[PDB]
Amino acid sequence: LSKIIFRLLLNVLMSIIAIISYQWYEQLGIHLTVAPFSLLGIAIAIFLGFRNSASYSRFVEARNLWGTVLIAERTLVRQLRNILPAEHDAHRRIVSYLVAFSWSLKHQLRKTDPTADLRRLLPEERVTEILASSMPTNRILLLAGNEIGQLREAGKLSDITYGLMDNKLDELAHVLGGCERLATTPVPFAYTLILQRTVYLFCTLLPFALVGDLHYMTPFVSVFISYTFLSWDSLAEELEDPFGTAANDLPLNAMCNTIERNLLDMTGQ
Amino acid sequence: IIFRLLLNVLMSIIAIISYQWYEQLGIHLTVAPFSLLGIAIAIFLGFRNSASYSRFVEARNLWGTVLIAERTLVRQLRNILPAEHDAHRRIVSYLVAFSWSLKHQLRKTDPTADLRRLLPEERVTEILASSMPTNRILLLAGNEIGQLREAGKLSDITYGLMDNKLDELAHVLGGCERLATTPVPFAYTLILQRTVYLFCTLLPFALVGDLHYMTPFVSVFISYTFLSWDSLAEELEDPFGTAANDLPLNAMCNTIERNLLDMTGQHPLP
Amino acid sequence: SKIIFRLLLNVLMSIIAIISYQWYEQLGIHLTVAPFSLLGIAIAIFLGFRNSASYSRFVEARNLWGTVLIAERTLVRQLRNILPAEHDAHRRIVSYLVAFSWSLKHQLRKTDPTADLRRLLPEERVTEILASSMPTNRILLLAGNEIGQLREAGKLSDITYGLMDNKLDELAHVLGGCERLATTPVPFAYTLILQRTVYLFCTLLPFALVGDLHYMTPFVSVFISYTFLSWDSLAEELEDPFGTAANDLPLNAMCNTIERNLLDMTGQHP
Amino acid sequence: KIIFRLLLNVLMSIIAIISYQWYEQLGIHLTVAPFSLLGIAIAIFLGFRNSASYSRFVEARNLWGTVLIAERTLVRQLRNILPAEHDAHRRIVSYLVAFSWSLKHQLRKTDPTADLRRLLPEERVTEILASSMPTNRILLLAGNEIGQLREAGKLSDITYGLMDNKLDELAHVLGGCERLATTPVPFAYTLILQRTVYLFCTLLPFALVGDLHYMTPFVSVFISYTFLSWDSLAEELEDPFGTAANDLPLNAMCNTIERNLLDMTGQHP
Amino acid sequence: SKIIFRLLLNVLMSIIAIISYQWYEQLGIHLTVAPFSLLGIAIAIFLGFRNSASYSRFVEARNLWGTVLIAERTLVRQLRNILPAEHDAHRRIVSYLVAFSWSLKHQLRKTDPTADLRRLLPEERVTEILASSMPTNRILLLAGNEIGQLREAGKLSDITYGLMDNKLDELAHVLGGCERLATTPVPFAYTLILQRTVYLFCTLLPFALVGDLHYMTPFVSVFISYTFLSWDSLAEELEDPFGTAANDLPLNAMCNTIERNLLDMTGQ
Ligand SMILES: [Cl-]
Ligand SMILES: [Cl-]
Ligand SMILES: [Cl-]
Ligand SMILES: [Cl-]
Ligand SMILES: [Cl-]
Ligand SMILES: [Cl-]
Ligand SMILES: [Cl-]
Ligand SMILES: [Cl-]
Ligand SMILES: [Cl-]
Ligand SMILES: [Cl-]
Ligand SMILES: [Cl-]
Ligand SMILES: [Zn+2]
Ligand SMILES: [Zn+2]
Ligand SMILES: [Zn+2]
Ligand SMILES: [Zn+2]
Ligand SMILES: [Zn+2]
Ligand SMILES: [Zn+2]
Ligand SMILES: [Zn+2]
Ligand SMILES: [Zn+2]
Ligand SMILES: [Zn+2]
Ligand SMILES: [Zn+2]
Ligand SMILES: [Zn+2]
Ligand SMILES: [Zn+2]
Ligand SMILES: [Zn+2]
Ligand SMILES: [Zn+2]
Ligand SMILES: [Zn+2]
Ligand SMILES: [Zn+2]
């Protein structure tokens, strides 16, 4: 959403400032060779490399977690069918909580209003309990645990099979903490701070130190070099907001729709 | 690939004969800045190829679980219900149908022939109705295990032992689906394959000042190295890609089918 | 940061450089950059791996604290779901769990737990806990006795007792995981052979730079020492993630979250 | 092996100093800076490649380590749960030992028949040898032992399950070894790397010679040793079930296993 | 920590190199710094990756020992919460658990466990244990039948016997993992290749540096040699985590911590 074709052509210009500036240079006692900029440029590419690595890892973890939502809810619906196929009332109740959980987890991470979706899926008295909590999504898990918890007290599930389905609720519980953790723990600011400073300074001092060698090609190369360090420093911030609505963020709404369609395929609806 | 090895050799033959009208005008290309650019690109290609490898390893691992989980499920059926061969046959069908259906799912090819060969056509049209056929095959396998439980042939404990194996497959389905809907860079593997593509053709212009008539040779050696590394990343990054090698995906569904018929003594021929 | 002493100090070492330059010719000291390129790149490579190792320690520490919140959340869920009427047990257990995480934060910060312990538990138990040389483990054992009594009371079966037992196991893994990241630091050689060689590289770098950039030398030398020394000290910050630096973990915020969570509505559930 | 390519390189370096006579007379000139670029690139790729090979080696050693652990504790549970069934003890142990040797034979593409025959009845050997996967069949037979103890009421479903889990663990080891064996990366890793490390090594002296003159062969083999030795160790580590120097001592590993399992069931090697 | 002899050899190497620089032209030897950039950078990359593998072995060792303290703690917590009356079996099992960790320590350090073993066990069992070529495994087998006895004595259900069996399984994986780290060392070719090339690089380096640094090379080259050599030997001080240096795992401390923890959880 924020772009830097601004600094690629501030480069083209601060490259042109350089060529005309050349002949008043050694006058002052100012020369700039590339060798120390090779040193720094390489030290920055190493550090850009490790950083982007962290950024990609955390994006992959965000996708893994949403992946698990689809898996655990798929299999918990399957277990309900295979263990209690008479029980379509309980089927339909548990399914609306599991769908509610995903929608509510999307809203929570986008900081939007789950109320419409919650009301689409759940009794109004259930919606009230969920929204009264300071942790609505976690309160949805508690309610689904009640559905199977009473199926247990009613003897329709044993402690064994109660256990098989509880574990899926633990899986979702790990997804929720995981998303909360990812959403409140960015890659430390120092990294992107330090890097965005040095990648910036280096990208505009570069056409200076390149002028002695390349003279009047300083722009077509000091740009090429700068774009490379910038399309690589940008791929970073394009990968550390996984839950947003931007283009390269995760399509959470589409994944929530896939989760809902999946569970309704499994229950006829 | 080798079309861009020869776009290079001629970009360099261009570079030598045109080198004459170069600093007639003041247009200098050292090799020191192009070595800072190259080392940087080579560093990023290192990390990029490192992430592709990991996607490739995870796909191989997920397919490994299919073989593992299906084998231990069938071993459990035999060990716990050694008499129930009709159930053995039915379940072994769905497991085999799951593997093939998954492979067809990932490579976006038609599963109908493999399903029609494995399953009763009532279940085949049910499976082909679902927008999630592989999931529906797992669901059907589950009803088999559940019926043995309703019938009292499986206890809740032993029903549970087999349920776990179906979970393992559930994880494999989603893992594979996640690994396919991606990439995660979007079109930034777009930008880096052209950043390499540009560098590799600007390069002989920068080298000609140092090597004259030999720059077609040293700049194609370098280009091959960079484009080989890059293209290797392209291949690893899309492990179920249409432009992939189906040998192991095919070999894997064939191994598991073979193993399973063996385990249910449908081999050898009497 | 605390860098700005040395980033300053470097500009005056880079000054001593330029007011003893042409004085080089007389004294016999040639001093090129390409050896300091080599030395610089090796230090960058080694700083790259050091910093990677430190982030891993940060990330694992953050995950361990994530699990406290997860495991404690789902343990209260199980109690609310299996023994829904047992509010005296719910509140007793919730208090130990909140005791557990505050007690852990004090343990890793080497501060006194007694305030928080008393805010939350009976003082007979506040003294049982401080009596133990391992108080967080003692809190775990107490939470296990509540779980265990409910089982001798016949309110939990063996199955449902195990279900809750496993969550206390999960927290025993957080405890040991944190003790390992605390009591096992990174080896000390890694920390100060590496920080002497980076500043030593920083205070000599201009003496070899002064020949190529003349006056420009304090600029580029300080640019380069910034890049190097900010990277090194970020590494030493994340290496100690239970510490109190600006990039360490917010352990107090995280214990409040756990607390607000388990006591969501004075502890009221549907 | 590697010292033949080292030898061919010092010869290539002599061909270089000799034919330096006719260099610009034949219209050539080769600087070092281009080869430092190419050379650092190859170093970086070799560094990552090598890292991947070591990972495979550690995973292969890991999987074998789990055979020992799982088999140890399966025997531990038989003794703790059924202290009286010494015949089950000896039959399961002979399968668990049969499993290990067969796994070795499998991964080494050799014949298990001797070892099988040493350890089991011939009616079993024939059943095992009939299988597309003998190790699978051995796991299934070990599974019958504990499964028959369960039909006899000597094992509950719970305690049958506990031991079944260990057989499940051996299944995973088998799968993982089978996956580490039938999954070499596309030779692209070897062809791109091995031939370009070869090719770079042999043209390095032609580019070193203008700078170093008679010193060419000394520095040119030092650089060539470093790269080749690095590349060649990568190739040993990536096939860890082979018979090379750095390859898992699978026979000793099997004897340690048999030694262990015989030691736990009161017998003497 | 006799890197310092290697660096003083390096100062002599550049003394020799400055002294010898005259007869360079005469003898026809040309040494630029550029091919040594290439080689040194390559060595750095490989040293970086190698050192990284060494760190990862050290960390796996510490995690393995971390699991001992965790698994033994929660086994004892389970015994107290499930069988709070049976303090006779608590003490039996705790002494088997504490025996395991001391026996593991001595096993990895190739020392005599008899002192700690007889300090904790009746000789009725200590001689059984040391008659085995796998003592620590046998201590696990012995802890196992304590649990098994309780089960067959009806005091444990299959379910609760199961719950504790899983913790013995955890200790089994620690045993296997530690043994695996001890017997399977990091491939020795790593330290050969690298000790050679790093040492040879550090001595050949002044002969390439003096062309352009003249009387300064003793300094610049001892620096570089200090960086490489000390990085390389950090990797080696990390590759044997079960050793004896203060650099290594304080296994005695960890075993004392484990003993105190399990004794404290029982009163003693
Ligand atoms: Cl699942
Ligand atoms: Cl329904
Ligand atoms: Cl499995
Ligand atoms: Cl059959
Ligand atoms: Cl059969
Ligand atoms: Cl949990
Ligand atoms: Cl195990
Ligand atoms: Cl026996
Ligand atoms: Cl545990
Ligand atoms: Cl006691
Ligand atoms: Cl006690
Ligand atoms: Zn799952
Ligand atoms: Zn239904
Ligand atoms: Zn966004
Ligand atoms: Zn059958
Ligand atoms: Zn067959
Ligand atoms: Zn959990
Ligand atoms: Zn309550
Ligand atoms: Zn000058
Ligand atoms: Zn000057
Ligand atoms: Zn295990
Ligand atoms: Zn026996
Ligand atoms: Zn499994
Ligand atoms: Zn555990
Ligand atoms: Zn006691
Ligand atoms: Zn007594
Ligand atoms: Zn002795």
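Positions of Cβ are generated from backbone atoms using ideal geometry, with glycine treated the same way; all protein chains shown enter the neighbour counts. Coordinate-derived values only; no laboratory data.
With respect to being more than 16 Å from ligand 1 (Cβ to nearest atom), within 16 Å of C:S56 (Cα to Cα) and among the acidic types (D, E), C:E239 fits the description.
In the set D:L155, D:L162, only one residue is among the hydrophobic types (A, V, I, L, M, F, W, C), closer than 30 Å to E:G148 by Cα and assigned to a loop (DSSP other than H, G, I, E, B); that residue is D:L155. Does D:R91 count as basic (K, R) and under 30 Å from D:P121 (Cβ atoms)? Yes: the conditions hold for D:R91. For the range D:173-196, how many residues meet the condition of being buried (at least 21 other Cβ atoms within 10 Å of the Cβ) and more than 8 Å from every other protein chain (Cβ to nearest Cβ)? So the answer is 4. Does E:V59 meet the test of being away from ligand 27 (no atom under 16 Å from the Cβ), of a type in the set (A, V, I, L, M, F, W, C) and under 24 Å from C:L168 (Cα atoms)? Spelling it out, it is not the case that E:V59 is away from ligand 27 (no atom under 16 Å from the Cβ), of a type in the set (A, V, I, L, M, F, W, C) and under 24 Å from C:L168 (Cα atoms). The condition (being out of contact with any strand residue (DSSP E or B) (no Cβ under 9 Å at 6 or more places or on another chain) and buried (at least 23 other Cβ atoms within 10 Å of the Cβ)) is satisfied by just one residue among C:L97, C:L31: C:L97.
Going through (1) over 15 Å from C:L163 (Cβ atoms); (2) surrounded by fewer than 21 Cβ atoms within 10 Å (Cβ to Cβ) one by one, A:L143 falls short only on (2).
Given the options E:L83, E:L47, E:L79, E:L69, name the one that is in contact with a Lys or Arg (Cβ under 7 Å, 6 or more places away or on another chain) and away from ligand 17 (no atom under 16 Å from the Cβ). Going through E:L83, E:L47, E:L79, E:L69 in turn, just one is in contact with a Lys or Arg (Cβ under 7 Å, 6 or more places away or on another chain) and away from ligand 17 (no atom under 16 Å from the Cβ): E:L83. For the range C:239-256, indicate whether the set of residues that are more than 14 Å from C:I43 (Cα to Cα), facing another protein chain (nearest Cβ under 8 Å) and assigned to a helix (DSSP H, G or I) is non-empty. Looking through the range C:239-256, none of the residues is more than 14 Å from C:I43 (Cα to Cα), facing another protein chain (nearest Cβ under 8 Å) and assigned to a helix (DSSP H, G or I). Only one entry of A:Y227, A:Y216 meets the criterion of being under 30 Å from A:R63 (Cα atoms) and more than 9 Å from chain C (Cβ to nearest Cβ), and that entry is A:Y227.
The numbered conditions (1) surrounded by 20 or more Cβ atoms within 10 Å (Cβ to Cβ); (2) among the polar types (S, T, N, Q); (3) over 24 Å from B:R75 (Cβ atoms); (4) at the interface with chain D (Cβ under 8 Å from one of its Cβ atoms) are all true for B:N259 except (3). Do the conditions hold for A:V99, that is, is it away from ligand 8 (no atom under 16 Å from the Cβ) and touching a residue at least 40 places away in the same chain (Cβ under 8 Å)? Yes; evaluated as a whole, the condition is true for this residue. Scanning the range D:19-31 for residues that are over 44 Å from the mean Cα position of the chain (by Cα) and not polar (S, T, N, Q), we see that the one that is farthest from the other protein chains (Cβ to nearest Cβ) is D:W22. Here D:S94 does not fit the description of being over 18 Å from D:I146 (Cα atoms) and away from ligand 1 (no atom under 16 Å from the Cβ). Mind listing whichever residues of the range B:31-79 are among the hydrophobic types (A, V, I, L, M, F, W, C) and within 16 Å of ligand 23 (Cβ to nearest atom)? The answer is B:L62, B:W63, B:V66, B:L67, B:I68, B:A69, B:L73, B:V74, B:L77. Given the criteria crowded, with 24+ Cβ neighbours inside 10 Å and either within 26 Å of D:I2 (Cα to Cα) or free of Cβ contacts under 8 Å to residues at least 12 places away in the same chain (or both), does D:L212 qualify? Against the criterion (crowded, with 24+ Cβ neighbours inside 10 Å and either within 26 Å of D:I2 (Cα to Cα) or free of Cβ contacts under 8 Å to residues at least 12 places away in the same chain (or both)), D:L212 qualifies.
One line per residue, one yes/no per condition, for (1) within 16 Å of ligand 10 (Cβ to nearest atom); (2) over 29 Å from B:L179 (Cα atoms); (3) under 30 Å from the mean Cα position of the chain (by Cα):
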position	(1), (2), (3)
B:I2	no, yes, yes
B:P33	no, yes, no
B:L36	no, yes, no
B:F44	no, no, yes
B:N49	no, no, yes
B:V66	no, no, yes
B:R90	no, yes, yes
B:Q105	no, no, yes
B:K108	no, no, yes
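State yes or no: is E:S1 in a helix (DSSP H, G or I), surrounded by fewer than 18 Cβ atoms within 10 Å (Cβ to Cβ) and facing another protein chain (nearest Cβ under 10 Å)? Taking the combined requirement at face value, the residue does not satisfy it. Among the residues making up the range E:153-175, those that are out of contact with any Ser or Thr (no Cβ under 7 Å at 6 or more places or on another chain) and free of Cβ contacts under 8 Å to residues at least 60 places away in the same chain are E:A153, E:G154, E:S157, E:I159, E:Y161, E:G162, E:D165, E:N166. For the range C:125-140, the criterion of being in contact (Cβ under 8 Å) with a residue 12 or more places away in the chain and within 26 Å of A:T161 (Cα to Cα) is met by none of the residues. A single member of C:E146, C:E152 is of a type in the set (D, E), more than 16 Å from ligand 24 (Cβ to nearest atom) and touching a helix residue (DSSP H, G or I) at 6+ places or on another chain (Cβ under 7 Å), and it is C:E146.
Considering the conditions (1) touching a residue at least 40 places away in the same chain (Cβ under 8 Å); (2) over 23 Å from C:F36 (Cα atoms), C:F228 is excluded by exactly one of them, (2).
For the range C:248-268, the count of residues that are on the phi > 0 side of the Ramachandran plot, within 16 Å of ligand 18 (Cβ to nearest atom) and without any contact (Cβ under 8 Å) to a residue 60 or more places away in the chain is nonzero.
Scanning the range D:5-46 for residues that are more than 21 Å from B:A40 (Cβ to Cβ), β-branched (V, I, T) and assigned to a helix (DSSP H, G or I) turns up D:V10, D:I14, D:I15, D:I17, D:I18.
Matching residues to (1) in contact with a helix residue (DSSP H, G or I) (Cβ under 7 Å, 6 or more places away or on another chain); (2) over 30 Å from E:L175 (Cβ atoms); (3) of a type outside the set (A, V, I, L, M); (4) surrounded by fewer than 24 Cβ atoms within 10 Å (Cβ to Cβ):
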site	(1), (2), (3), (4)
D:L26	no, yes, no, yes
D:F45	yes, yes, yes, no
D:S55	no, no, yes, yes
D:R91	yes, no, yes, yes
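With respect to A:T198, determine if the residue is part of a helix (DSSP H, G or I), free of Cβ contacts under 8 Å to residues at least 40 places away in the same chain and away from ligand 5 (no atom under 16 Å from the Cβ). In short, no. In this structure, does C:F49 turn out to be touching a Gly at 6+ places or on another chain (Cβ under 6 Å) and either of a type outside the set (A, V, I, L, M) or crowded, with 23+ Cβ neighbours inside 10 Å (or both)? The answer is yes for C:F49.
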